[PDB]
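J.: Sending over a structure as structure tokens; questions will come in a sec.
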Amino acid sequence: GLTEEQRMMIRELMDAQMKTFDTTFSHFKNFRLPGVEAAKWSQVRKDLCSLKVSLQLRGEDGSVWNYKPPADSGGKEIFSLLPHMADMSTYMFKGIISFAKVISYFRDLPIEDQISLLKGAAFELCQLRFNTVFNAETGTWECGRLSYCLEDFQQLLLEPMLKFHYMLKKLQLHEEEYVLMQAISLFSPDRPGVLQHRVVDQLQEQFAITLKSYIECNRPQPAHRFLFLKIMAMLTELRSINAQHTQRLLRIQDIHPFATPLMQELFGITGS
Ligand SMILES: C[C@]12CC[C@@H]3c4ccc(O)cc4CC[C@H]3[C@@H]1CC[C@@H]2O
Ligand SMILES: O=[S@]1OC[C@@H]2[C@H](CO1)[C@]1(Cl)C(Cl)=C(Cl)[C@@]2(Cl)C1(Cl)Cl
């Protein structure tokens, strides 16, 4: 019951996703691993301990390495996983940039708006991709040979990013709905620096219309009543989480630099 432009739209997005989402993380390589003013620190300590994960690496030979992080004892140990996480986020950002560049609607925008939109949405599309490898039964992001497992329950869901992943996983979305969510986030007309506000706004509306129609054509079950509105509410929450985590990043970076060059570029850090 989709129009022809709507089916072409979904096919282009799925094509871009298929070409640029390394779902086995097979090409994530050469990453770092953990080794073998007072008010600023207290806030950063709170920022860092709100997510605690252990790390598992399954080798191509059947061997397994497992890393359990240190407890916060008031020193530099709270930073032990930052170089690794920076490498992982950098790898994901590259895939997200590649995703956007393949989409015709994005390619046709002026280069300055392309940059503004990626700066605005890269984090959000990364999280949307991460949700598809989230195992809500085990609290684990399954990234091919790497796993990130939440350290232990109802208390963990107080953390907005974690509540987001659990609530979104429960909607049991299709691949097509995830990639439409990515497009709606990417084409947000109100990111800092966008110039072609009206063009971007019209594109976003068409992706939202396509998503609403996809759900109506393919999900008649009473469990999916209001599904379109639930997804849109999650996207608004994701934007909120993005703003929160951007500020966390800049606070951590202020007293303990760790952002890679690509992260600096996307977050506006000039190197001076
Ligand atoms: C998620 C945290 C804030 C956001 C940080 C971030 C934010 C953006 C990004 O590209 C990478 C990282 C790595 C470390 C993250 C932090 C580790 C714990 C903290 O809450
Ligand atoms: O791309 S970044 O690096 C990955 C980290 C975060 C996302 O930012 C979270 Cl929210 C997710 Cl998702 C994963 Cl996976 C981890 Cl491991 C945690 Cl910290 Cl769990």
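Identifiers for the structure tokens are assigned positionally: chains receive A, B, ... in sequence, residues are indexed from 1 per chain, and ligands are indexed from 1 in the order shown.
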Can you list every residue in stretch 66-265 of chain A that DSSP puts in alpha helix (DSSP H), as a ChimeraX atom specification?

T.: /A:82-102,104-107,111-131,160-170,175-186,197-218,227-255,261-265

J.: Taking only C-alpha atoms and all ligand atoms into account, which residues have an atom no farther than 10 Å from ligand 2? I'd like them as a ChimeraX atom specification.

T.: /A:48,50-55,81-82,84-93,122-134,139-143,146-150,159-162,164-165,245

J.: Counting only C-alpha atoms, figure out which residue out of A:244, A:179, A:113, A:236 gets nearest to residue A:198.

T.: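 Smallest distance to residue A:198 is found for A:113.
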
J.: Please identify all polymer residues within 9 Å of residue A:192, counting only C-alpha atoms, omitting same-chain residues fewer than 2 positions from it, and present them as a VMD selection string.

T.: chain A and resid 116 to 117 119 to 120 190 194

J.: Measuring atom to atom with only C-alpha atoms, identify which of A:217, A:234, A:39, A:157 is nearest to residue A:251.

T.: A:39

J.: Could you pull out all residues of stretch 7-123 of chain A with a DSSP call of strand (DSSP E or B) and give them as a list in words?

T.: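 Those residues are residues 53, 54, 55, 56, 57, 58, 64, 65, 66 and 67 of chain A.
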
J.: Would you output that residue set with N, CA and C atoms, as a PDB file, in the first residue's frame?

T.:
```
ATOM      1  N   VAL A  53      30.529  -1.655  31.821  1.00  0.00           N
ATOM      2  CA  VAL A  53      30.469  -2.903  31.067  1.00  0.00           C
ATOM      3  C   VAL A  53      31.785  -3.649  31.210  1.00  0.00           C
ATOM      4  N   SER A  54      31.691  -4.967  31.153  1.00  0.00           N
ATOM      5  CA  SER A  54      32.852  -5.806  30.950  1.00  0.00           C
ATOM      6  C   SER A  54      32.980  -6.085  29.462  1.00  0.00           C
ATOM      7  N   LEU A  55      34.150  -6.553  29.071  1.00  0.00           N
ATOM      8  CA  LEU A  55      34.498  -6.685  27.672  1.00  0.00           C
ATOM      9  C   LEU A  55      34.921  -8.126  27.430  1.00  0.00           C
ATOM     10  N   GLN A  56      34.415  -8.740  26.361  1.00  0.00           N
ATOM     11  CA  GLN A  56      34.863 -10.079  26.011  1.00  0.00           C
ATOM     12  C   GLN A  56      35.326 -10.119  24.557  1.00  0.00           C
ATOM     13  N   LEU A  57      36.459 -10.782  24.306  1.00  0.00           N
ATOM     14  CA  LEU A  57      37.012 -10.922  22.955  1.00  0.00           C
ATOM     15  C   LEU A  57      37.199 -12.390  22.630  1.00  0.00           C
ATOM     16  N   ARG A  58      36.408 -12.887  21.684  1.00  0.00           N
ATOM     17  CA  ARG A  58      36.509 -14.269  21.227  1.00  0.00           C
ATOM     18  C   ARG A  58      37.463 -14.327  20.041  1.00  0.00           C
ATOM     19  N   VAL A  64      39.413 -17.097  24.433  1.00  0.00           N
ATOM     20  CA  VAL A  64      38.591 -15.991  24.925  1.00  0.00           C
ATOM     21  C   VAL A  64      39.369 -15.165  25.941  1.00  0.00           C
ATOM     22  N   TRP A  65      39.430 -13.853  25.717  1.00  0.00           N
ATOM     23  CA  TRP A  65      39.868 -12.885  26.710  1.00  0.00           C
ATOM     24  C   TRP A  65      38.648 -12.182  27.309  1.00  0.00           C
ATOM     25  N   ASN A  66      38.683 -11.939  28.620  1.00  0.00           N
ATOM     26  CA  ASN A  66      37.601 -11.249  29.321  1.00  0.00           C
ATOM     27  C   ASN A  66      38.210 -10.175  30.215  1.00  0.00           C
ATOM     28  N   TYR A  67      37.627  -8.966  30.175  1.00  0.00           N
ATOM     29  CA  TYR A  67      38.097  -7.832  30.967  1.00  0.00           C
ATOM     30  C   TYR A  67      36.983  -7.350  31.884  1.00  0.00           C
TER      31      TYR A  67
END
```

J.: Just want the 7 Å neighbourhood of residue A:99, counted on only C-alpha atoms, with same-chain residues fewer than 4 positions away dropped. Output as an NGL selection string.

T.: :A and (16-17 or 20 or 95 or 103)

J.: Would you compute the distance between atom CA of residue A:269 and atom 11 (C, counted along the ligand's line) of ligand 1? Give it in Å to one decimal.

T.: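 So the answer is 13.8 Å.
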
J.: Would you please work out which residue, of A:47, A:72, A:177, A:37, is nearest to ligand 1 when using only C-alpha atoms and all ligand atoms?

T.: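 Smallest distance to ligand 1 is found for A:47.
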
J.: Tell me which protein, DNA and RNA residues are within 10 Å of residue A:201, counting only C-alpha atoms, leaving out same-chain ones fewer than 2 positions away, and put them as an NGL selection string.

T.: :A and (184 or 187-190 or 196-199 or 203-206)

J.: Could the residues in this selection be saved with N, CA, C and O atoms as a JSON list (two decimals), in the first residue's frame?

T.:
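Dumped to again09.json:
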```json
[["chain", "number", "residue", "atom", "x", "y", "z"],
["A", 184, "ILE", "N", 15.20, 9.68, 9.51],
["A", 184, "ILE", "CA", 14.47, 10.77, 10.16],
["A", 184, "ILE", "C", 15.40, 11.55, 11.08],
["A", 184, "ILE", "O", 15.34, 12.79, 11.14],
["A", 187, "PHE", "N", 18.06, 13.60, 8.83],
["A", 187, "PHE", "CA", 17.48, 14.74, 8.13],
["A", 187, "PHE", "C", 16.67, 15.62, 9.08],
["A", 187, "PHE", "O", 15.51, 15.95, 8.84],
["A", 188, "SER", "N", 17.28, 15.99, 10.19],
["A", 188, "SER", "CA", 16.61, 16.85, 11.16],
["A", 188, "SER", "C", 16.91, 18.30, 10.81],
["A", 188, "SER", "O", 18.07, 18.70, 10.86],
["A", 189, "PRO", "N", 15.90, 19.10, 10.47],
["A", 189, "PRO", "CA", 16.18, 20.45, 9.95],
["A", 189, "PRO", "C", 16.78, 21.41, 10.97],
["A", 189, "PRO", "O", 17.27, 22.47, 10.58],
["A", 190, "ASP", "N", 16.77, 21.07, 12.26],
["A", 190, "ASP", "CA", 17.10, 22.02, 13.32],
["A", 190, "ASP", "C", 18.42, 21.69, 14.03],
["A", 190, "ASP", "O", 18.57, 21.93, 15.23],
["A", 196, "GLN", "N", 19.78, 25.00, 4.51],
["A", 196, "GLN", "CA", 18.62, 24.63, 3.71],
["A", 196, "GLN", "C", 17.52, 24.02, 4.59],
["A", 196, "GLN", "O", 17.06, 22.90, 4.38],
["A", 197, "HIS", "N", 17.10, 24.81, 5.59],
["A", 197, "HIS", "CA", 16.12, 24.33, 6.56],
["A", 197, "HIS", "C", 14.89, 23.74, 5.89],
["A", 197, "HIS", "O", 14.37, 22.70, 6.31],
["A", 198, "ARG", "N", 14.37, 24.42, 4.86],
["A", 198, "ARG", "CA", 13.10, 24.01, 4.29],
["A", 198, "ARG", "C", 13.25, 22.74, 3.47],
["A", 198, "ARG", "O", 12.36, 21.88, 3.47],
["A", 199, "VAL", "N", 14.37, 22.60, 2.76],
["A", 199, "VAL", "CA", 14.62, 21.38, 2.01],
["A", 199, "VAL", "C", 14.74, 20.20, 2.97],
["A", 199, "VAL", "O", 14.10, 19.16, 2.78],
["A", 203, "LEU", "N", 12.25, 16.78, 3.33],
["A", 203, "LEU", "CA", 12.78, 15.42, 3.25],
["A", 203, "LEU", "C", 12.43, 14.61, 4.50],
["A", 203, "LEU", "O", 12.02, 13.45, 4.40],
["A", 204, "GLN", "N", 12.60, 15.20, 5.68],
["A", 204, "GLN", "CA", 12.27, 14.49, 6.90],
["A", 204, "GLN", "C", 10.81, 14.11, 6.93],
["A", 204, "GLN", "O", 10.45, 12.97, 7.27],
["A", 205, "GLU", "N", 9.94, 15.05, 6.56],
["A", 205, "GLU", "CA", 8.51, 14.74, 6.54],
["A", 205, "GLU", "C", 8.21, 13.57, 5.62],
["A", 205, "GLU", "O", 7.37, 12.73, 5.94],
["A", 206, "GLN", "N", 8.88, 13.49, 4.46],
["A", 206, "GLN", "CA", 8.61, 12.37, 3.57],
["A", 206, "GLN", "C", 9.09, 11.05, 4.16],
["A", 206, "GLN", "O", 8.42, 10.02, 3.99]]
```

J.: Which residue gives the smallest distance to ligand 1 among A:121, A:168, A:173, A:230, with only C-alpha atoms and all ligand atoms counted?

T.: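 For ligand 1, the nearest of the candidates is A:121.
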
J.: At a cut-off of 12 Å, can you tabulate as a Markdown table every residue of stretch 87-152 of chain A near stretch 7-13 of chain A together with its closest atom pair and the distance in Å to one decimal, using only C-alpha atoms and ordering rows by chain then number?

T.:
```
| residue | atom | partner | partner_atom | distance |
| --- | --- | --- | --- | --- |
| A:99 | CA | A:13 | CA | 8.5 |
| A:100 | CA | A:13 | CA | 9.2 |
| A:101 | CA | A:13 | CA | 11.2 |
| A:102 | CA | A:12 | CA | 8.7 |
| A:103 | CA | A:12 | CA | 6.8 |
| A:104 | CA | A:12 | CA | 8.1 |
| A:105 | CA | A:9 | CA | 9.4 |
| A:106 | CA | A:13 | CA | 11.0 |
```

J.: Could you tell me which of A:18, A:35, A:171, A:62 comes closest to residue A:225 if we count only C-alpha atoms?

T.: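 Closest residue, counting only C-alpha atoms: A:171.
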
J.: So which one's closest to residue A:200, A:108, A:216, A:137, A:254? Using only C-alpha atoms, please.

T.: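 Answer, going by the shortest atom-to-atom distance: A:108.
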
J.: Give me the residues within 9 Å of residue A:181 as a ChimeraX atom specification, counting only C-alpha atoms and dropping any in the same chain fewer than 6 places off.

T.: /A:125,128,207-208,211,231-232,235

J.: Fewer than 4 positions away in the same chain doesn't count, so skip those; otherwise give me all residues within 10 Å of residue A:74, counting only C-alpha atoms, as a list in words.

T.: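 Near neighbours after the sequence-gap exclusion: residues 41, 42, 45 and 78 of chain A.
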
J.: Could you tell me how far atom CA of residue A:114 lies from atom CA of residue A:29, in Å and to one decimal?

T.: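 Answer for the atom CA of residue A:114 to atom CA of residue A:29 separation: 27.6 Å.
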